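Trainee: Input: one structure, supplied below.
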Amino acid sequence: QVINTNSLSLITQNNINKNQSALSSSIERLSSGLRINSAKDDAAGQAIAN
Amino acid sequence: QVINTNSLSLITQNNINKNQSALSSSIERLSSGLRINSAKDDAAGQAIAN
Amino acid sequence: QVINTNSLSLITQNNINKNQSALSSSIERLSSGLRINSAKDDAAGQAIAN
Amino acid sequence: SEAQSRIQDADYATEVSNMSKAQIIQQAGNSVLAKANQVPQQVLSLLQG
Amino acid sequence: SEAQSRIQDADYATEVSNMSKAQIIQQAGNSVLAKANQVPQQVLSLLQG
Amino acid sequence: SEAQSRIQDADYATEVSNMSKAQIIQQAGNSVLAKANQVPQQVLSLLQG
């Protein structure tokens, strides 16, 4: 009942943003095929692999 | 479920390499006809033969 | 009907990993030609064969 | 080599499922966003102008 | 020697059948995973977006 | 001559597997590139135009 001052689309935007990171990470992992691609993952695994 | 980096074909390659030595030794033995053709075999036998 | 947090593909994936062990063991067994390849199989048979 | 490959080399079986996961959630949330943005004009309708 | 061979030296006849069985189950599981993963978008379609 | 053979003359057994690796990775990469670049039109879907 308000003019864009308290609209509930913001929570949907936030949820889409949260799932965007998962989507990008999944696509990148499909592309590379490696479980760890950078330091954002478990750094210990990267060090052990190296 | 991974791309050839956990490939079990490495085991096949290893076994092929192990049997390659036996195959080459057998062919060389047929060609020479003598058991001891180098010091790879029993060196004591070679000394006694000499 | 639930939002993707209880997907039944998990069972299929788990079954795939269960059959992966059998597949790898079968291929290795074909490659080696020997029933015993390591201590994972019947160790008593391996010791007796040695 | 076999031991190292267990740490790297992400299992594609779970990754394709997660890809489909993320895609479907993203587009469903997009449609829900559109539906939510389709809500405000009820007050304009009640304005009768 | 022949006694020793009877403990080692797996019979190829059973192992080849096991090989084919394992390959069939593997690709069957792949196909079932794909088909099952293609299910969730029924709710997406229901959402009408 | 055998000595010189041990340096040059790469083993084909490793190279066939390397070729299979490279071809499979290239196919998977091109397919995932297509699947990635077919995503952006969700913003067009949001616009409802």
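Trainee: With the requirement that a residue be surrounded by fewer than 10 Cβ atoms within 10 Å (Cβ to Cβ) and farther than 23 Å from F:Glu2 by Cα, what does region B:24-48 give you?
Mentor: B:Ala44, B:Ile48
Trainee: What tally of residues in region F:17-35 results from selecting those that are of a type in the set (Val, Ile, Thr) and within 18 Å of A:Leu23 (Cα to Cα)?
Mentor: Adding up the residues that qualify gives 1.
Trainee: Looking at region E:25-42, is at least one residue out of contact with any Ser or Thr (no Cβ under 6 Å at 6 or more places or on another chain), away from chain D (no Cβ under 14 Å), part of a helix (DSSP H, G or I) and not hydrophobic (A, V, I, L, M, F, W, C)?
Mentor: no
Trainee: Now for a different question. In region F:1-15, what count of residues is obtained for those that are at the interface with chain B (Cβ under 9 Å from one of its Cβ atoms) and either loosely packed, with under 10 Cβ neighbours inside 10 Å or part of a helix (DSSP H, G or I) (or both)? So that I can check it myself, show each step before the final result.
Mentor: Looking only at region F:1-15, we keep the residues that are at the interface with chain B (Cβ under 9 Å from one of its Cβ atoms), and these are F:11, F:13-14.
If we keep only those that are either loosely packed, with under 10 Cβ neighbours inside 10 Å or part of a helix (DSSP H, G or I) (or both) too, we end up with F:13-14.
Matching residues across region F:1-15 total 2.
Trainee: I'd like to verify a number: residues in chain B that are under 21 Å from E:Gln26 (Cβ atoms), among the aliphatic types (A, V, I, L, M) and not in a loop (DSSP other than H, G, I, E, B), how many?
Mentor: The first filter runs over chain B and keeps only residues under 21 Å from E:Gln26 (Cβ atoms), leaving B:1-12.
Cutting the leftovers down to among the aliphatic types (A, V, I, L, M) gives us B:2-3, B:8, B:10-11.
Retained after the next criterion (residues that are not in a loop (DSSP other than H, G, I, E, B)): B:10-11.
Selection size over chain B: 2.
Trainee: Among the residues of region F:32-39, is any surrounded by 10 or more Cβ atoms within 10 Å (Cβ to Cβ), over 30 Å from D:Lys35 (Cα atoms) and either in contact (Cβ under 8 Å) with a residue 60 or more places away in the chain or in contact with a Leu (Cβ under 7 Å, 6 or more places away or on another chain) (or both)?
Mentor: The answer is yes; a qualifying residue exists.
Trainee: Just give me the residues in region E:1-20 being charged (D, E, K, R) and either in contact with a helix residue (DSSP H, G or I) (Cβ under 8 Å, 6 or more places away or on another chain) or closer than 12 Å to C:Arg35 by Cα (or both), in sequence order. Before the answer, list the steps.
Mentor: We begin by selecting, within region E:1-20, every residue charged (D, E, K, R); these are E:2, E:6, E:9, E:11, E:15.
Within region E:1-20, E:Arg6, E:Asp9, E:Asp11, E:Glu15 meet the criteria.
Trainee: In region F:40-49, which residue that is surrounded by 13 or more Cβ atoms within 10 Å (Cβ to Cβ) and out of contact with any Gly (no Cβ under 9 Å at 6 or more places or on another chain) is nearest to B:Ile16 (Cα to Cα)? Step through it out loud before you land on a result.
Mentor: Within region F:40-49, the subset surrounded by 13 or more Cβ atoms within 10 Å (Cβ to Cβ) is F:42, F:45-46.
Then drop every residue that is not out of contact with any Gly (no Cβ under 9 Å at 6 or more places or on another chain), which leaves F:42, F:46.
Values: F:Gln42: 52, F:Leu46: 58 Å.
Per the criteria, the residue is F:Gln42.
Trainee: Moving to a separate point now. Counting only residues that are more than 8 Å from chain D (Cβ to nearest Cβ) and over 17 Å from the mean Cα position of the chain (by Cα), which one in region A:3-23 is surrounded by the fewest Cβ atoms within 10 Å (Cβ to Cβ)? It would help to see each step written out before you state the result.
Mentor: To start, the set of residues in region A:3-23 that are more than 8 Å from chain D (Cβ to nearest Cβ) comprises A:5-6, A:10-11, A:14, A:17-18, A:21.
Among the residues that remain, those that are also over 17 Å from the mean Cα position of the chain (by Cα) are: A:5-6, A:10.
Numbers: A:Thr5: 5, A:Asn6: 8, A:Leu10: 11.
Top of the filtered list is A:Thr5.
Values in this text are rule-based calculations from the coordinates and carry no lab data. No Cβ is skipped: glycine too gets one built from the backbone with ideal geometry, and neighbour counts run over all protein chains shown.
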